[PDB]
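A short write-up of the structure that comes next.
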Amino acid sequence: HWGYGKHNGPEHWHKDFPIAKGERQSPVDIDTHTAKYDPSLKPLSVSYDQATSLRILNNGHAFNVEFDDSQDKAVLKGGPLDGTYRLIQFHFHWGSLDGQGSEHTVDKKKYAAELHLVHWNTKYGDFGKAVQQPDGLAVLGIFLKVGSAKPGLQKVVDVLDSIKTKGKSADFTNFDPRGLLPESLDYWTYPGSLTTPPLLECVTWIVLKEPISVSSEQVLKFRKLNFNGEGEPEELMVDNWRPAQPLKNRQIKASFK
Ligand SMILES: NS(=O)(=O)c1cccc(F)c1
Ligand SMILES: [Zn+2]
């Protein structure tokens, strides 16, 4: 099955997921000079004060911190969005080296990692229904650069030893995702897709302009995770990113000039 190796990586995905060659695939390169400032774009409204984290899971492709999405506890609204999108999980994509790891790029620049806070449109009732809709998901993407530590990331880093291998999960309650945000909520936005199979074209992407900084030790700990299950040959979970895809008939909009 699909992964990030030479034999099952992004160049192979189209054989099982033909939408890989579709009209609104993600990620993309954000060419900052050609992105269009849209003065009609509203500020983002990130309402995470009542978030209920539940668990952290290694799914063989990344690790997901999962939330209770059975009520409007942690929601995203405003920006380019109509209606209310509920936080279901966040995860990261990262590199084997500090010079790569992000999925989106900015003027071809790669960051060390990229955080995705995944939200689904509550008019569709559940996540499974939402991914079948062109406006089903909103993913808030945040770049990570290596520099100073992100204190709000440390609780995540410290639990990774308990979910080293595929299929492992751990309780992960009372985590506050507000501690993962940068200061500014300035963003770019464009219509796209899931960046992993099934590659569904259901995502309004909202990518923050300001990266967060994490420490070398924090990202090193991501790199100690495994793609494999316990007792299978060890393969480090690194370079779990899809490269930039053609923009095709899309214009990236900016909330700022
Ligand atoms: N990487 S991502 O597009 O945020 C993504 C991929 C697959 C499932 C999902 F909920 C989110
Ligand atoms: Zn992702």
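Please note that chains go A, B, ... in the order of the structure tokens, that every chain numbers its residues from 1, and that ligands are numbered from 1 in the order shown.
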* To do: Kindly provide, as a PyMOL selection string, all nucleotide and amino acid residues lying within 7 Å of ligand 1, counting only C-alpha atoms and all ligand atoms.
  => chain A and resi 116-118+139+193-197
Okay, now the selection with C-alpha atoms, as a compact mmCIF listing (two decimals), in the first residue's frame?
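The resulting file, part30.txt, is shown below:
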# COMPACT_ATOMS: atom_id res chain seq x y z
CA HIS A 116 -2.09 20.69 9.57
CA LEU A 117 -5.07 21.45 11.79
CA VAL A 118 -7.92 19.62 10.07
CA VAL A 139 -7.10 22.72 6.79
CA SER A 193 -7.14 18.44 -1.72
CA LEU A 194 -5.98 16.02 0.94
CA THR A 195 -2.23 15.69 0.50
CA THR A 196 -2.33 11.92 1.12
CA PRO A 197 -4.47 9.22 -0.41
* Using only C-alpha atoms, determine which residues lie at most 8 Å from residue 28 in chain A, disregarding the query and same-chain residues fewer than 2 positions distant; provide the list as an MDAnalysis selection string. => chainID A and resid 25:26 30 103:105 243:247
Now that the selection is made, can you save its residues with C-alpha atoms as a tab-separated table (two decimals), in the first residue's frame?
chain	number	residue	atom	x	y	z
A	25	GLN	CA	-4.45	18.84	-5.96
A	26	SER	CA	-2.40	19.87	-2.94
A	30	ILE	CA	2.85	29.67	-3.08
A	103	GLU	CA	4.32	20.18	1.78
A	104	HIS	CA	3.50	23.71	0.72
A	105	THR	CA	6.44	25.83	-0.31
A	243	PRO	CA	5.85	17.63	-3.18
A	244	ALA	CA	4.14	20.64	-4.78
A	245	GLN	CA	1.58	19.85	-7.46
A	246	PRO	CA	0.60	21.89	-10.52
A	247	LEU	CA	-1.57	24.92	-9.71
* Asked: Which of range 28-199 of chain A counts as strand (DSSP E or B) under DSSP, as a VMD selection string please?
  -> chain A and resid 29 to 30 36 to 37 44 to 47 53 to 58 63 to 67 75 to 78 85 to 94 105 to 106 109 113 to 121 137 to 146 169 to 171 187 to 192
Expected file: the selected residues, C-alpha atoms, as a PDB file, in the first residue's frame:
ATOM      1  CA  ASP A  29       3.992  26.288  -4.338  1.00  0.00           C
ATOM      2  CA  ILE A  30       2.854  29.668  -3.082  1.00  0.00           C
ATOM      3  CA  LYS A  36      -3.691  38.165  -5.203  1.00  0.00           C
ATOM      4  CA  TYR A  37      -4.460  40.371  -2.204  1.00  0.00           C
ATOM      5  CA  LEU A  44      -9.779  34.118  10.523  1.00  0.00           C
ATOM      6  CA  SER A  45     -11.693  33.257  13.642  1.00  0.00           C
ATOM      7  CA  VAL A  46      -9.906  30.510  15.564  1.00  0.00           C
ATOM      8  CA  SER A  47     -11.963  29.472  18.600  1.00  0.00           C
ATOM      9  CA  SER A  53      -8.104  16.547  22.920  1.00  0.00           C
ATOM     10  CA  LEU A  54      -8.528  12.807  23.398  1.00  0.00           C
ATOM     11  CA  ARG A  55      -5.677  10.746  22.052  1.00  0.00           C
ATOM     12  CA  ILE A  56      -2.547  10.620  19.929  1.00  0.00           C
ATOM     13  CA  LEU A  57      -2.118   7.895  17.290  1.00  0.00           C
ATOM     14  CA  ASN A  58       0.714   6.758  15.016  1.00  0.00           C
ATOM     15  CA  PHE A  63       0.842  10.996  14.117  1.00  0.00           C
ATOM     16  CA  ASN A  64      -2.596  12.487  14.772  1.00  0.00           C
ATOM     17  CA  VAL A  65      -3.719  14.318  17.896  1.00  0.00           C
ATOM     18  CA  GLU A  66      -7.470  13.701  17.868  1.00  0.00           C
ATOM     19  CA  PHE A  67     -10.226  15.882  19.340  1.00  0.00           C
ATOM     20  CA  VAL A  75     -13.930  25.659  15.588  1.00  0.00           C
ATOM     21  CA  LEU A  76     -12.583  27.603  12.680  1.00  0.00           C
ATOM     22  CA  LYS A  77     -14.705  30.229  10.916  1.00  0.00           C
ATOM     23  CA  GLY A  78     -14.318  33.429   8.933  1.00  0.00           C
ATOM     24  CA  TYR A  85     -15.681  24.021  10.726  1.00  0.00           C
ATOM     25  CA  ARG A  86     -14.939  21.707  13.674  1.00  0.00           C
ATOM     26  CA  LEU A  87     -11.414  20.663  14.631  1.00  0.00           C
ATOM     27  CA  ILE A  88     -11.052  16.892  14.331  1.00  0.00           C
ATOM     28  CA  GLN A  89      -7.289  16.345  14.489  1.00  0.00           C
ATOM     29  CA  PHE A  90      -3.887  17.840  13.845  1.00  0.00           C
ATOM     30  CA  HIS A  91      -0.721  16.259  12.508  1.00  0.00           C
ATOM     31  CA  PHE A  92       2.594  17.199  10.916  1.00  0.00           C
ATOM     32  CA  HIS A  93       4.707  16.413   7.878  1.00  0.00           C
ATOM     33  CA  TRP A  94       8.476  16.656   8.305  1.00  0.00           C
ATOM     34  CA  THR A 105       6.444  25.828  -0.315  1.00  0.00           C
ATOM     35  CA  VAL A 106       6.792  29.609  -0.463  1.00  0.00           C
ATOM     36  CA  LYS A 109      11.347  27.501  -0.201  1.00  0.00           C
ATOM     37  CA  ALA A 113       7.915  20.737   8.756  1.00  0.00           C
ATOM     38  CA  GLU A 114       4.280  21.683   8.336  1.00  0.00           C
ATOM     39  CA  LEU A 115       1.429  21.478  10.848  1.00  0.00           C
ATOM     40  CA  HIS A 116      -2.093  20.692   9.572  1.00  0.00           C
ATOM     41  CA  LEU A 117      -5.075  21.454  11.790  1.00  0.00           C
ATOM     42  CA  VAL A 118      -7.921  19.616  10.070  1.00  0.00           C
ATOM     43  CA  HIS A 119     -11.514  20.871  10.348  1.00  0.00           C
ATOM     44  CA  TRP A 120     -14.779  19.707   8.789  1.00  0.00           C
ATOM     45  CA  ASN A 121     -17.867  21.683   7.736  1.00  0.00           C
ATOM     46  CA  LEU A 137     -12.792  20.529   4.919  1.00  0.00           C
ATOM     47  CA  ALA A 138     -10.730  23.493   6.003  1.00  0.00           C
ATOM     48  CA  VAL A 139      -7.099  22.723   6.789  1.00  0.00           C
ATOM     49  CA  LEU A 140      -5.079  25.365   8.581  1.00  0.00           C
ATOM     50  CA  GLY A 141      -1.421  24.900   7.563  1.00  0.00           C
ATOM     51  CA  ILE A 142       1.420  26.343   9.618  1.00  0.00           C
ATOM     52  CA  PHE A 143       5.098  26.165   8.639  1.00  0.00           C
ATOM     53  CA  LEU A 144       7.784  25.084  11.087  1.00  0.00           C
ATOM     54  CA  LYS A 145      11.328  26.406  11.004  1.00  0.00           C
ATOM     55  CA  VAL A 146      14.163  25.242  13.229  1.00  0.00           C
ATOM     56  CA  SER A 169      -2.108   5.124  20.523  1.00  0.00           C
ATOM     57  CA  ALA A 170      -1.945   6.947  23.837  1.00  0.00           C
ATOM     58  CA  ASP A 171      -4.355   9.003  25.913  1.00  0.00           C
ATOM     59  CA  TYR A 187      -2.899  33.788   5.432  1.00  0.00           C
ATOM     60  CA  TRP A 188      -2.986  32.587   1.848  1.00  0.00           C
ATOM     61  CA  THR A 189      -5.957  30.532   0.693  1.00  0.00           C
ATOM     62  CA  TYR A 190      -6.808  28.321  -2.306  1.00  0.00           C
ATOM     63  CA  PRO A 191      -9.046  25.311  -3.108  1.00  0.00           C
ATOM     64  CA  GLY A 192      -7.203  21.989  -2.947  1.00  0.00           C
TER      65      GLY A 192
END
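Compared by their closest atoms to residue 166 in chain A, and using only C-alpha atoms, the residues A:70, A:228, A:249, A:32 rank with A:228 nearest.
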* Find the distance between CA of residue 34 in chain A and atom 1 (Zn, counted along the ligand's line) of ligand 2 and write it in Å to one decimal. =>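 These two atoms are separated by 24.4 Å.
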* Asked: What is the distance between CA of residue 27 in chain A and CA of residue 135 in chain A, in Å to one decimal?
  -> 16.6 Å
* Which residue, A:68, A:98, A:230, A:176, has the smallest gap to residue 213 in chain A when you use only C-alpha atoms? ->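 Checking each candidate against residue 213 in chain A, we get A:98 as the closest.
Considering the residues A:131, A:206, A:212, A:225 and counting only C-alpha atoms, residue 161 in chain A has its shortest atom-to-atom contact with A:225.
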* To do: Write down as a list in words the residues of range 19-239 of chain A whose backbone DSSP state falls under alpha helix (DSSP H).
  =>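 Those residues are residues 127, 128, 129, 130, 154, 155, 156, 157, 158, 159, 216, 217, 218, 219, 220, 221 and 222 of chain A.
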* **Separation of CA of residue 133 in chain A from CA of residue 201 in chain A, in Å and rounded to one decimal** =>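 CA of residue 201 in chain A lies at a distance of 7.8 Å from CA of residue 133 in chain A.
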* **Minimum-distance residue to ligand 2, chosen among A:1, A:12, A:61, A:129 (using only C-alpha atoms and all ligand atoms)** =>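 The shortest atom-to-atom distance to ligand 2 comes from A:61.
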